[PDB]
Amino acid sequence: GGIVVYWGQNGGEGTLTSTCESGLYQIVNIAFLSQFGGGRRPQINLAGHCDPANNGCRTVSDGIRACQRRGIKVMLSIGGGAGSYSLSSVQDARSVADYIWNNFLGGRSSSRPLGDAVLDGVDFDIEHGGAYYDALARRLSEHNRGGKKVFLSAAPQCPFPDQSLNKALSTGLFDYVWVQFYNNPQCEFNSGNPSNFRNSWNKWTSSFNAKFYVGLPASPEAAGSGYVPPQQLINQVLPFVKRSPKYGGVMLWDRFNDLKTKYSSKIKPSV
């Protein structure tokens, strides 16, 4: 399996290029298109990396390209925990999907926030609402016979169902789902009591036809709870999750914390 990582939300985590050159990752989610929908001006936020004001993040395309030249998928992650975003209608959702297509994917725009690189897909990290993200996914998906060629991923929290992502996920259009098994004590892995996690993984994987990733914090500093020491992950979680044919690997929040702990490097041989 593969390791998925988020990059973009910590200006101290190094470049996207470096992230991809590390060889640690199969997919990088650029976090985030933090503002969109509802008539909002779409905005990316890449923390201290670059100021998206008048597309000051255009150089990210170098990283995107560096990644793609190494066979690494680079997803635009939309939403996140800080931005102001929500969808007002199906038309709005389609409008946002079209905006994303034109500005980040295979469409055309004179003001592409991350430059001319064509991202591989869109990662739905939707933390409030839920309404119309199905329409958004469907509109993006329309390019999977039109295109090219748009992967869809979602980052639901582990408590099932995820109220923000359930509608989107119900479309069955998502290629990848990294379920966040942290900051959610009811479904986090605990060595002494692994059933909560195992039941959660089972339920998620059973509920959607996607490739599933175990979404985890890359450091204990990256989550209030749910961190799994890499050896526990390797010894206790992976033999179980690997039994799922839908098992895709492990997703890590985030590049910064992963760099700190070398978590991915420790689990890479085992994922």
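We count residues from 1 along each chain, following the written sequence rather than the entry's numbering, and we skip any residue without coordinates. Only heavy atoms go into the side-chain values, all of them from the structure, while hydrogens and water stay out.

As recorded in the entry header, the structure was determined using X-ray crystallography to a resolution of 1.73 Å.

Taking the PDB entry as the reference, the protein chain is identified by name as protein PPL-2 belonging to Parkia platycephala. In the PDB, the entry goes by the title "cDNA cloning and 1.75A crystal structure determination of PPL2, a novel chimerolectin from Parkia platycephala seeds exhibiting endochitinolytic activity".

### A few points about the overall build of the protein chain
What counts as a helix is a DSSP run of H or I of at least four residues, what counts as a strand is a run of E of at least two, and both are numbered from the N terminus. For the protein chain, the count of helices and strands is nine helices and nine strands. Across its three principal axes, the protein chain shows a C-alpha extent of roughly 55 × 35 × 30 Å. Per-residue accessibility, obtained with a 1.4 Å probe over protein chains only, is compared with the maximum for each type, and a residue is labelled buried under 20%, exposed over 50%, and partly exposed between these values. Residues counted as buried form 55% of the 271 residues belonging to the protein chain. Contacts are assigned to residue pairs that have any heavy atoms within 4.5 Å of one another. In the protein chain, once contacts between residues fewer than 6 apart in sequence are set aside, the share between residues at least 24 apart is 73%. Methods summary: accessible areas were calculated by the Shrake-Rupley approach with a probe of 1.4 Å, and residue burial reflects only the protein chains presented. Here the protein chain displays about 10,900 Å² of accessible surface, and carbon together with sulfur accounts for 44% of that area. We treat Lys and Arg as the positive residues and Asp and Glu as the negative residues; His and chain ends play no part in the count. For the purpose of locating charges, the reference atoms are NZ of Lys, CZ of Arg, CG of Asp and CD of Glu. Averaging the positions of the 27 positive and the 19 negative side-chain charges in the protein chain gives two centres separated by 7 Å.

### Some words on the packing of helix α6 (residues 195-207) against helix α7 (residues 230-241)
For helices, the fitted axis covers only the stretch in contact; all axes are lines through C-alpha atoms, and the angles between them, taken along N-to-C directions, range from 0 to 180 degrees. At a closest axis distance of 11 Å, the pairing of α6 and α7 adopts a crossing angle of 25°. In terms of orientation, α6 lies roughly parallel with respect to α7. Both α6 and α7 take part in a crossing whose hand is right-handed. Of the residues in α7, those touching α6 at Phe197, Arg198 and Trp201 are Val237, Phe240 and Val241. A class-by-class count of the residues in the contact of α6 with α7 yields five nonpolar, no polar and one charged. The labels follow the angle: roughly parallel below 35 degrees, roughly antiparallel above 145, roughly perpendicular from 65 to 115, and oblique for the rest. Crossings are assigned a handedness: left-handed for a near helix turned anticlockwise from the far helix by less than a right angle, right-handed for a clockwise turn. Each residue gets one of three labels, nonpolar for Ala, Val, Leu, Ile, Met, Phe, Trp, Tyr, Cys and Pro, charged for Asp, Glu, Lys and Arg, and polar for the others, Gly among them.

### Structural notes on helix α2 (residues 60-68)
Within the span of α2, buried status applies to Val60, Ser61, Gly63, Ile64, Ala66 and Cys67. The inward-facing, buried residues of α2 abut β1 (2-7), α1 (16-21), β2 (27-35) and β4 (73-79).

### Focus on the packing of aromatic side chains
When two rings of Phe, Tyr or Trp (its six-membered ring) have centres within 6.5 Å they constitute a pair, described as stacked for plane angles under 30 degrees, edge-to-face for angles over 60, and tilted for the intermediate range. In the structure shown here, the tally under the stated rule is 22 aromatic pairs. Their ring planes at 25° and their centres at 5.0 Å tell us that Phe36 and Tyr85 sit as a pair that is stacked. One end of the pair, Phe36, is in the loop between β2 and β3 (43-44); the other, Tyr85, is in the loop between β4 and α3 (90-104), and 49 residues separate them in sequence. When its relative accessible area of 0% is taken as the criterion, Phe36 is described as buried. Summarising the aromatic geometry, the rings of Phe189 and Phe197 are spaced 5.7 Å apart at their centres and angled 85° between planes, so their arrangement reads as edge-to-face. For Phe189, a relative accessible area of 4% puts it in the buried group. A relative accessible area of 1% places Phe197 in the buried class. By definition here, charges over rings are those cases where NZ of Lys or CZ of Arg is within 6 Å of the ring centre and within 35 degrees of the ring normal. One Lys or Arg, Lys73, reaches over the ring of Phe151 and ends 4.2 Å from the middle of that ring.

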